[PDB]
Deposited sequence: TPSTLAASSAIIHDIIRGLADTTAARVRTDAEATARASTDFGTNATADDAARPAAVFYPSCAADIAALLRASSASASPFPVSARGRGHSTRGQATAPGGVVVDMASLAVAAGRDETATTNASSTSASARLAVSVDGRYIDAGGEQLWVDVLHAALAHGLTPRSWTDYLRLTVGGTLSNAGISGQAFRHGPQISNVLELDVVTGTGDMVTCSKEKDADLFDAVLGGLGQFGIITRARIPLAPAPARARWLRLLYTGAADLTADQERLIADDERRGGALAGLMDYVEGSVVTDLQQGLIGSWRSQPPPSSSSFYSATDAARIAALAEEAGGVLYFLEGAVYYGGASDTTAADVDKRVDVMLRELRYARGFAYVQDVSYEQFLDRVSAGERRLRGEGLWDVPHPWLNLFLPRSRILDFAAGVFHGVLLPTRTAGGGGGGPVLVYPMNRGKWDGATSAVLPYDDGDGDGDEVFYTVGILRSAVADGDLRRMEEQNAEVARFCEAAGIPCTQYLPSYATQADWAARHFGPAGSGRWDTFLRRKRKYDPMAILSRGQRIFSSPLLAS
């Protein structure tokens, strides 16, 4: 009987004003709050008028979020509700156009002891979903402990990265952040608060991990901790080609116990990058190579509560500088604290902000591709599409460190069994600075995607963005397993049947049919 027409701001405001009256949660409907909640890292505009929510909700308790989700799901025309972490998304993933954005930071009333509780005996930290990874790090280090898996950039929320995967140079060893969670407190789209883990409501736990915010809002994540090292020996090695870079990265990320190899188990972190556009020396070698150079980045942790000593580090660096195929005379080694290494990108952000180059559009593209096609991709993209800004990252990870039961999508089919253990990530992290940059960079991104589809390179987007369910099903979830899309829909029907959660992800726009 009720109309399917989208609930108006009038109906939404009446429901949420009721919530502001019956809970300690606060509501803002003013243009300043809604303009901020309409944008993300993808744009630098004051407001994205199309993405503007009807209101911003400032929860005091996870129960306020539960009341909001229940109120929307049970109403005549359910309204969109989206959690916002730091809005580091670039394609509107945290927007709730004509709906309600949940300011997750409000739960911390962002660093707060109550939201970052360390259990020394249990070797875990109970972190609020809104908490930043930098604050999780400092809270753990105060007890000589550390999370095992990171993102390169630490000013991201626990709930935000866990809804994607959370990748960095440690993922080859300990898996992404989603592989390093003991339990979660989740507020489902239906408005229930469920504590879940591999032992209880595993279906919700696995759905939420890499789940693009489709099943519920993470209000707490219990993160396991390892003994913390004190320092890190940090290497940056130049390479003249993709072949030796990738071959060496694979040697470094090899599983020491199972596969082995001379360079296995030496590095605690392995990344790489492409430079398309001591400065005069690098520029001279660039012309000789053909305009494109590569970097291998590594780190060996030592000291503190680690088993690796400063003497062990010298021995490992000696092995790596002898065995690696980097360009001789282009090896850069630095010694930093463990915290300085993990928080390294902060110096980059500070520098960019100071030059007015941070608050600019970010037409980013992140991909996962099989090891078998990395050289074909390098030839067509790094030596083609992207041939002359921002960094271009390239590095391998180990599939075995990822749990296939979660929502996360890798470039493998579940039914193909144990194929290639190694896959690559490519991060095209450019900033639109000059006039015409945005249109040019967005077209180059679309061109990378069209080039892969045409060359038959299986390509999976990390932080995916598709407009149709046909693309989500056949291009994204489908090549990952015959039951992946059916599993995603089954979980959606169970946890968010009205499809109100994170509609900015563009998977669902309307309640699921019978």
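- Of the deposited sequence, positions 110-123, 292-315, 427-434, 561 lack any modelled C-alpha atom.
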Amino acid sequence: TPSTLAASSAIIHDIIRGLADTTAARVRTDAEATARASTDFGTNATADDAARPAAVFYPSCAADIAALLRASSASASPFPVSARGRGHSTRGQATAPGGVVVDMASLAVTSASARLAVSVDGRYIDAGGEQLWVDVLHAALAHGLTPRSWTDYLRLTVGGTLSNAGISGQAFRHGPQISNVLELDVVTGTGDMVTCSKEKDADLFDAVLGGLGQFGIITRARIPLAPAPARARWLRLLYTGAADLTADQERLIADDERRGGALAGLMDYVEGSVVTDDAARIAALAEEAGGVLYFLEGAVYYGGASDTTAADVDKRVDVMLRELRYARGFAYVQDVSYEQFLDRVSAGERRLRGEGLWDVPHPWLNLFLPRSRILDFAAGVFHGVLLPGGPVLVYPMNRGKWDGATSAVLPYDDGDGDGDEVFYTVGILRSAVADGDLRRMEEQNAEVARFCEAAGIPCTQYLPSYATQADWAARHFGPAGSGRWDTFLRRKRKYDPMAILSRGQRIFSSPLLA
From here on, numbers count along this sequence of modelled residues.
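- Mean C-alpha B-factor is higher over 315-323 than over the other stretch, the pair under comparison being 315-323 and 393-401.
- Here the stretch with the larger average CA B-factor, out of 245-253 and 324-332, is 324-332.
- The entry lists C-alpha B-factors for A232, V120, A165, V187, and the highest of these is at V120.
- Per the deposited record, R475 carries the highest C-alpha B-factor of all listed residues (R36, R28, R475, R70).
- Ranked by Cα temperature factor within the chain, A51 sits in the lowest third according to the deposited record.
- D486: CA B factor in the middle third of modelled residues in this chain (values from the PDB entry).
- Among all modelled residues in this chain, the alpha-carbon of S502 has a temperature factor (C-alpha) in the lowest third.
- Per-chain ranking of the deposited C-alpha B factor places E297 in the middle third.
- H383: CA B factor in the highest third of modelled residues in this chain (values from the PDB entry).
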